[PDB]
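In: sequence unavailable; structure follows:
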Ligand SMILES: Nc1ncnc2c1ncn2[C@@H]1O[C@H](COP(=O)(O)OP(=O)(O)OP(=O)(O)O)[C@@H](O)[C@H]1O
Ligand SMILES: [Mg+2]
C-alpha cells in the first residue's frame, strides 16, 4: 500500500498534538510521529474534527517541533498479530520480543479491544480447577471460566502466591469420571509496573520448574512508557482468547498488579482532562475494567476456556478504595489476604471469612469432585466461625467461662490455622486437602457435625489424626 | 530436561528467521535491479498514476531526475507541476494542494508495508 | 549421566540443517511469488 | 479509637472530594470564558 | 395513558420470609435494594423472579454481568411456573446489556423494559419489573453529560438525574386500564453505592 | 539557530513570537539571558518557563533557543566539587559574584583551564563503539577513563600523543569528521543504555551490623529511611559513606533547609577516607539546594545526581547514591504541576508522582556496561514526611518499589541506643537472593544463625507486656533468661559506636562470630537452667564480659579472641557443674 504523511502540525502541549488537514484519519486510529532526528514515536487519535484531529502521543513529546514533524497512518484499528508459536516466548507490554529471539510469524491479526461475547453463546462454568492450595480448593473452589481476584496489601506476598498457583495449576480430568484425554493447559502472564527484582524473581520461578514451556509472558516494567501499561492486559487477553477459541486450550490469565493499571488510567484521564471520579480516577473506570475482565468465560460449542486471576493491592488495607470496590463489582468473588496470619507466620495468609467464590455451587459435587465437598466446606466454615467467636469471647471475659465445647472449638481453630492454612510450599491435592479436612473434623464429636450428612460420616469419619 | 526442548525450539526458530531474512534480502536486492529493466518507465508511470489517484487535487509531483523525462508525458496529461529530486530513488511522491499532505509511492515502502502480510505466505511456501 | 545434552545438541544441529535444506528447495519460487505481490 | 479513626478518614475523604469538585468547576468556568472570549473575535 | 390509578391493597408475595413479613411491598409499589458488592442483590432479584406471584416478569440487566443472564437463560426453561403449569421461561422477558456492551444503551434498556412492562399491564396482567442496577444507568448519564460539557451537580452526575429517576419510578402502580380492567406494575430497582 | 522576541510576559511565563521550528523541550535564553524551558508550541509562538525572577523584562527583548534539552557535562573534574541543582559550581560562582547568587550568571560545570595527563589506549584505524574506552586521566587516585558517547560509532583516524591537555581538546578524530573530547553531554531525563541488567545476587556491605545482617541490601538495590529529628540520621549517612563498598559517593540535597545544608557542607570536608589518609571528598560529588533556590533546580537535582552516578558506574565502578529528602523534591514537583494548572490527584500531588518516583528509582541496578565491565548504582533515598505519618502518598509510593526499609526511630536514640534502627518496623526483601552468597563467602550456617537471632529478638519483643505490667523479677527462669539474652543481644550486637576507632566498621566474619557466641551462650544457659542452676548465678558469669568486649576487638586479632571466648563459654558451664 501507499504512505500518507501529514505535516499540518499546529499545536503541541503536554501529551497532545493537533493535525489540521487529516480528515482521512479514522477515530481511534494508530499513527506514527516522526521528527527531524529520524526517531519514530507512536500515537492514537482520540478525537477527529474538520478543523483538526487530536493525537495523544504514547511516549514523551520531547524533541518535537512544528517545522519538521510529520504524522503517518499505521492502521485504522490496533492489531496485534498472533500465532500458536508464541508459547514459551517473552514479550514486553507492547508485544515486541524481549528474550532476544527473532520475531514470530503471525498466523492472523486481531483487534486488541476485542468484541463483547453474546450472552446466548455463553454457557455456565461447570468444571473445577485444582490450584494446590487447601483454602482455595476446599472453601473457595475455582471454576473454569471464572474471574477470581486476590486482594493483597503492601508487604503481603502476592507474587509468591501467584507463582505457586501458576506452578501447581492442574485440571484433574480423571476425577470427572469421563476419562477423556487431558486437554492442553496454558498460562498467559501479564505484568504491569514490575520492578527488576520482581521480574528476576518471576523469570527464575518460571525457569526453575520448566513451567515456561507452556506459558507466554507479557512483562511491562516500571520505567516503561505509561501507555504500555494500558495495552498489556488487552494483548494478553487477545492471545488468551485466540488460543482458547481456536486451538481448544484451557488458558489461565494472571495480572500482576491492577493498581498500576489504575494509576496509569488515572494519569491518562487527567492528561485528557475528563470528569473526575471519587479519588481522581476517571468516571469511566468501571467500564474500562469491565472491558478487560468480561473477556473471560466459556462458549457453547467450544472446548476452550479462559480463567482470570487478577492480583491487586488494597491501599492501606482499605476495602472501600475505588480500585478494589470497583473490581469486586465485576468479578465472581475475591480472595483476601490477612496481615494477622502474616504476623503469625502463616503461609499463604488467606483469610477465609471475607473470601467468597460465587461459582463454587456449580463446579463441585458428584462427578466433578468428591460428593462431600460442599458439606465439608460448610462444616469447616461453621467451625472456624465458632472458633473465632470463642476467641473474641476469651479476649474480654477470660478463659474461665469456656465450656468443654468452647475449648474444643478453640483448639480446633488453633489446629486449623496451624495445619489447613499454613501449608508452606506443599502442592496439596484435592484428595489430600479433603483428607486433612476430615482429619481435623474428627477432632469434634460426631453429633456436633450438624451440616454433614450421615452417609459421609463413618464412610470417611475415621477419627484419624493428621499424618503430617 | 526442558532445556534440550527449548534448545531445539530456538534452533528451529533461528533457522526460520535466518531463511526469512535471506528471502527478504534477496527480494530487496531484486527490487534494486528493477530500474535497469525495459519496463522501468512503465512501472514508474503506473506508480505515479496510482499516487496521483490516491491524492486528489495534488498540485505537484516529484521524482528522480533520471525518471523525470519518463513522467514528463504523464505530467502534461494530468495538468500538474513536476520537479526532480535525487534522493527520491525507485519511487515517486505526490504533494497536496496545501503543501501539508504528502502521498509517497516507492518500492521499498510497499515492501515494508506488505512484508508482514506476506510473511505467512512465504513461510507456508517454504515449509509446505 | 550429565552428558545427555550432547544428543540434544546434535539433534538441534541436524534439524536446523534439515530445515535449511527443505526451505532451500523453493527459494526462487518464494522470491518470485512475493515480488509478484509487491509489484503493482 | 478505631471508630474515631474511621470517622476521621471518612470526613477527610469527603472534604477532599468536595475540594476536587470545586477545583474542576473553577477550571471549567475558566475554559468556557476563554472559549467565549476567543470565539467572539 | 391509563383510565385511573388505584390504591395498592394486596401484597406482592416475594417468597422470602423477611421481605414478606417485616418489610412487605404491595402490588404496584416500588422498592429499592441498595448494598455493596457481594451482599446478594442479584440472588434476591432472581429469587423474586422465580417465586413471585406476578403473571409476567420483566428482567432488565442494565450494565451487569453476562454470566448472570446466561444462568437465567440456562436454568429458567427447566423450572416450572408456580402460578400455572409449564416451564418458567414462558413467563419471563429478558433485557440484556452487559458491562462490556456499549455504555449509551443502558438508558434505552431501562426505558424499553419499563415500556414492555406497561404494555403487559395494559393487557390486564400483574407485571413485576426488576432493574439489575440503576447506578450503571446513572453512570451512563454522567458520561453523556460529560461529553456535552455540562455543569455537574455532585460527584459528576448531571443535575437532572433525580428527575429521571422519579419519572422512571412513577410508572409503577395498580391502575384501571383503558380497556376497563385492573392491572398493576411492580418495580424493584437495585442500587450499587 | 532559532531566534525570537518576547511577545507577552505574565509572571514566570514568557511567550515568544517568531520561534517557528523550535524543538519541544529545548533550553532558551530569555532577556538581554535568563535560562528557560519550552513547554508549549503553537504556530510561531512558544511558551517559555523562566527559572529565575522575570522582574525588569520588557516586551521585544531577544529570545534565543540553545537547541538542546537539559543536560549535564560528563568528564574529568567532577570529583571534589559542589554543584547546585542544574550543575553550576558554587565555588566559582562565589568567587565571581561574592556571597549572593546574582541572576543571569553563567559558568561551566567542568573547568576549562585545568590540564590533565592524557594517556591514549587506542590506535589509528581501530573501530570504536559507544561506551568503549579511549584513554586514561588520573584524578585524585582514580583512573578516570574517557569514554565514547553511547550514540557514536566509527573508526579512529588520528589520536593525540600523551601529554597535558584541557577537556576541550579533541583528543580523537574519527574518519567521518567527528571530534571526540574529554567530555560529552547527556540529557538528564534519558537513562544511559546498558548491555544487560544483572540479578541482585551480591551484597552491599554497609559496615553496620544491623543493616548488614538483619536487613541486607543487594549490590544495586534500593533502600529508604525515615528522617525524624534527633535520630542521628546524619552520622549514619556519614558512616555509610565512609565504610561502603562504593568507590564513588554522590550526595543530593534537593531542597533541604539552609542550616542543615550548611552542616552537611561543613562536615564532609572534615571527614577522612578510611582507605587512605586523604579526605573523603576526593571521591564524593555534592549537589546542594536550599529551599529558596529556583524550583526547577530543586526538581532536576535528583535527575542530575542519578545521571552522574550512571556515568560513574559506566566507567566501571560501584556508586552509592543518597537522596537526602525526596519529600522536598515531591513538594517541588507539586508546585511545578500547580504552575501548569494540572488536576491534583490526591492531597495535591500530581497523578504522575508514582511514575516519576519509579523512573528515578529504576535507574539503580548492577549492569554490564557497554565496555563489558561490571558496574552498579545503589540508591538510599530518605523520606521525611511532615508529622511522621506513613500514610502520606510519597511514602506509600516509595514503599511499593524499594527493596529495603530501615526505620530510624527517635525513641531508641532517646535511650542512647545507636545507630537507632527499629528492628520491629524495618524489613528487607533481598535475603532469599543473597542466601547462596552468604553460604559461599561467610559460612554454611549463616542463614540459620540469622534466623535464630531474629526469632530470639521476636520472642523478647513478645514478652514486653508482662515485663511492663509486673516487672522482670516476677517472671520464671525461662522468661528471665529470654529477657537477659535479648538485652545482651541489644547491647553487644545491634549497638555500634560510629566514632570508635575499631568499632566503626564490622565485617561479616566478626558479626557471624558474635552471633555464634551469643547462640552458644544461650544454649549453655538454657541447659544450666534445665539442670537446676539459678538465673542469678548465670547472670554473674565472667564470660559475659568477654562477650561484651567482642565488638571492640580488632579485625585481624578477632579470630584468636573468638576461639578463646568459645572455649571459655563451654568451660564455664561444664566445669562448674
Ligand atoms: N439467599 C441466599 N442464599 C444463599 N447464598 C446467597 C444468598 N444471597 C446471596 N448469596 C450468596 O452471595 C453471593 C453474592 O450474591 P450476588 O451476586 O447476588 O450479589 P450482588 O449484591 O448482586 O453483587 P454485585 O454487587 O457483585 O453485583 C452469591 O453468589 C451467593 O453465594
Ligand atoms: Mg450482582
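Out: Happy to help now that I have it. Residues are numbered from 1 along each chain as shown, chains lettered A, B, ... in the order given. Ligands and ions are numbered 1, 2, ... in the order given.
In: report the next helix or strand after the host helix or strand of residue A:189 in sequence order.
Out: For residue A:189, the host element (DSSP states H and E) is strand A:185-194. Sequence-wise, the next helix or strand downstream of strand A:185-194 (DSSP H and E) is helix A:196-208.
In: quick one: that next one to chain centroid distance?
Out: Distance of helix A:196-208 from the chain centroid (C-alpha atoms, centre = their mean, to the nearest Å) equals 18 Å.
In: so is it next to chain B?
Out: No: counting by C-beta under 8 Å from any C-beta of the partner chain, no contacts exist between helix A:196-208 and chain B, the nearest distance being 8.9 Å. Heads up, the C-betas are built off the backbone N, CA and C, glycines and all.
In: packing partners of that helix?
Out: With contacts taken as 3 or more C-beta pairs under 8 Å, 6 or more residues apart in numbering or on different chains; DSSP states H and E, helix A:196-208 sits against helix A:158-168, strand A:185-194, strand A:215-221.
In: tabulate these (a markdown table), appending distance to chain D and mean neighbour count.
Out: Listed next are these as a markdown table, based on distance: least, C-beta to the nearest C-beta, whole Å; neighbours: other C-beta atoms under 10 Å in any protein chain shown:
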| stretch | distance to chain D | mean neighbour count |
| --- | --- | --- |
| helix A:158-168 | 24 | 20 |
| strand A:185-194 | 24 | 24 |
| strand A:215-221 | 29 | 24 |
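In: can you lay out the ones you listed as JSON lines showing distance to residue A:144?
Out: Shown next, in JSON lines, are the helices and strands packed on helix A:196-208 (distance: least, C-beta to C-beta, whole Å):
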{"stretch": "helix A:158-168", "distance to residue A:144": "14"}
{"stretch": "strand A:185-194", "distance to residue A:144": "11"}
{"stretch": "strand A:215-221", "distance to residue A:144": "18"}
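In: so for chain C, which of these sits nearest?
Out: Distances from chain C to each of the helices and strands packed on helix A:196-208 were compared by C-beta to the nearest C-beta, and the smallest falls on strand A:215-221, at 20.9 Å.
In: now the element after that closest one, going C-ward?
Out: On the C-terminal side of strand A:215-221, the closest following helix or strand by DSSP H and E is helix A:226-247.
In: which parts of chain E are helices?
Out: Using DSSP state H, the helices found in chain E span residues E:17-21, E:41-51, E:66-75, E:105-122, E:135-148, E:161-170.
In: out of these, which comes closest to residue F:528?
Out: For the helices of chain E, distance to residue F:528 was read as C-beta to C-beta. The smallest value, 65.0 Å, belongs to helix E:41-51.
In: so which bits of that closest one are buried?
Out: Of the residues in helix E:41-51, those with enough neighbours to count as buried (16 or more other C-beta atoms under 10 Å in any protein chain shown) are E:41-42, E:44-46, E:48-50.
In: residue closest to the middle of chain E?
Out: A centroid search over chain E (C-alpha atoms, centre = their mean) returns residue E:130, at 2.3 Å, as the residue closest to the centre.
In: what number of residues lie near the nearest residue to residue A:464 once chain neighbours are set aside?
Out: Distance criterion C-beta to C-beta, 6 or more residues apart in numbering or on different chains; nearest residue to residue A:464, sequence neighbours excluded, is residue A:439 at 5.7 Å. Each residue near residue A:439 was counted by other C-beta atoms under 10 Å in any protein chain shown, and the total is 20.
In: which helix or strand contains residue A:439?
Out: Element membership of residue A:439 [criterion: DSSP H and E] is helix A:430-441.
In: what are the buried residues along that helix?
Out: Applying a neighbour-count criterion of 16+ other C-beta under 10 Å, one finds A:430, A:432-441 buried in helix A:430-441.
In: same deal with stretch E:113-126?
Out: By neighbour count on 16+ other C-beta under 10 Å, the buried set for stretch E:113-126 is E:113-114, E:116-118, E:120-122, E:125-126.
In: near chain D, which of those show up?
Out: Restricting the buried residues of stretch E:113-126 to contacts with chain D (C-beta under 8 Å from any C-beta) yields no residues.
In: got TSV for those, with distance to residue D:32 too?
Out: As requested, these are arranged in TSV below (distance: C-beta to C-beta, whole Å):
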residue	distance to residue D:32
E:113	37
E:114	36
E:116	41
E:117	41
E:118	40
E:120	46
E:121	45
E:122	46
E:125	51
E:126	50
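In: if we can go back for a sec, among the helices of chain E, which is nearest chain B?
Out: The minimum distance between chain B and the helices of chain E falls on helix E:135-148, with 29.6 Å, by C-beta to the nearest C-beta.
In: now do that closest one and helix E:161-170, the angle between them.
Out: On the basis of axes from the mean of the first three to the mean of the last three C-alpha atoms, to 10 degrees, helix E:135-148 is oriented at 140 degrees to helix E:161-170.
In: got the angle for helix E:135-148 vs helix E:105-122?
Out: Using the same axes, to 10 degrees: helix E:135-148 against helix E:105-122 is 130 degrees.
In: from the contact counts, what lies against helix E:135-148?
Out: Secondary structure elements in contact with helix E:135-148, counted by 3+ C-beta pairs under 8 Å, 6+ apart, are helix A:285-293, strand E:56-64, helix E:105-122, helix E:161-170.
In: let's see that with 10 Å instead.
Out: In terms of contacts (3 or more C-beta pairs under 10 Å, 6 or more residues apart in numbering or on different chains; DSSP states H and E), helix E:135-148 is packed against helix A:285-293, strand E:56-64, strand E:92-98, helix E:105-122, helix E:161-170, strand E:182-191.
In: how about it: buried residues?
Out: Burial within helix E:135-148, assessed by neighbour count using 16+ other C-beta under 10 Å, is assigned to E:135-143, E:145-146.
In: what's the burial count for residue 6?
Out: Unless you meant another one, I'm taking chain A. Residue A:6 sits with 24 neighbouring residues when counted by other C-beta under 10 Å.
In: please refer instead to chain D.
Out: As a burial measure, residue D:6 scores 11 neighbours (other C-beta under 10 Å).
In: what about it, which SS state?
Out: Using DSSP: H, G, I helix; E, B strand; the rest coil, the three-state assignment for residue D:6 comes out as helix.
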